[PDB]
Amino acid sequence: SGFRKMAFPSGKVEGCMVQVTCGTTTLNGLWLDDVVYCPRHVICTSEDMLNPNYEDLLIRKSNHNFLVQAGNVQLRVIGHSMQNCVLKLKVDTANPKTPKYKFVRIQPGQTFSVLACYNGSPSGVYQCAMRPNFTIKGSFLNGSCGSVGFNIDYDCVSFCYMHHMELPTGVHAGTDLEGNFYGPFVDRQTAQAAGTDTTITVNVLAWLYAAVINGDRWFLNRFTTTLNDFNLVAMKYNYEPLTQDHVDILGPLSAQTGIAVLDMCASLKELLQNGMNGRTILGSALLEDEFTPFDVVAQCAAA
């Protein structure tokens, strides 16, 4: 028993991390099948980042301006291409350690494991969620750009995130591996507004089911509610609206526990209105929204 914020094992992704240098700037790249993916801002100086014209900056570069290192070993770049905000560096040798992989664009509220890297070297692994405002609350210091986020379904690594930017507020922004930003953000050093963050309601409910499964049951109350009634309370506390899709996703957890989804929503409502009154749930004094329903099931089933 017990319940932990757990990352996927990182070994498959460790073998894909390289260093990418271009003039002054050094950061991380992802080496799969003779292509190296990294943030296009590797071509920028500090001054460039204030207002980059990426086409004009990339024109001053050739293949030989991109230094790609894996351990001690240099890779020869034989091709460079810009796809949205990622650079694709075609190299002469396929990564012998390429895993089975996909590129996925995830939805707000989905979770993934980050492997935080500096100079192409793994530092650490942690789990986080794409927030409803398309930011993440990671841990990323100055050389961490090009660090990747991923899920493993089994054997296959689904890469969903590449780190690009820290906002002035100290939250993080980045792309999928086709180089499209999650959210409204751009790879420019300017004031950029993250919108209102909201809590991922379906995840909170999943985590409450996780609590019940692990014996934490005090918050099960005597009430029920409707979907509209609950969502009325949800909007007041900046919780995401719960839909029938979300009720369907919670079904297995409902079945395992014998606690109906709308009964669990009634419990959540009371916690919203009354707080936790100095108690904890799974050792947390706040409501956790970083577990999906699939994460809870997986952890409890032992995927």
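Just count from 1 along the sequence shown to find any residue number.
S.K.: Can you let me know which of the two, 21-29 or 8-16, has the higher average C-alpha B-factor in the entry?
M.R.: Stretch with the greater average CA B-factor: 21-29.
S.K.: Comparing 95-103 with 69-77, which has the greater mean CA B-factor as deposited?
M.R.: Mean B over CA atoms: larger for 69-77.
S.K.: Taking the values straight from the PDB record, which of 252, 52, 258, 275 has the highest C-alpha temperature factor?
M.R.: If I rank 252, 52, 258, 275 by C-alpha B-factor, first place goes to 275.
S.K.: Per the PDB entry, which option out of 230, 126, 182, 207 has the greatest Cα B factor?
M.R.: Among 230, 126, 182, 207, the highest C-alpha B-factor in the entry belongs to 230.
S.K.: Going by what the PDB entry lists, where does residue 157 fall on CA B-factor within its chain: lowest, middle or highest third?
M.R.: For residue 157, the deposited C-alpha B-factor lands in the middle third.
S.K.: For the chain shown, is the CA B-factor of residue 87 in the lowest, middle or highest third of its modelled residues?
M.R.: It belongs to the highest third of the chain when residues are ordered by C-alpha B-factor.
S.K.: Would you mind ranking residue 178 by its C-alpha B-factor against the rest of the chain and naming the third, lowest, middle or highest?
M.R.: Middle third of the chain for residue 178's C-alpha B-factor.
S.K.: Where does the C-alpha B-factor of residue 216 rank in its chain, lowest, middle or highest third?
M.R.: Highest third, going by the recorded CA B-factors of the chain.
S.K.: Is the Cα B-factor recorded for residue 264 in the lowest, middle or highest third of its chain?
M.R.: According to the entry, residue 264 has a C-alpha B-factor in the chain's middle third.
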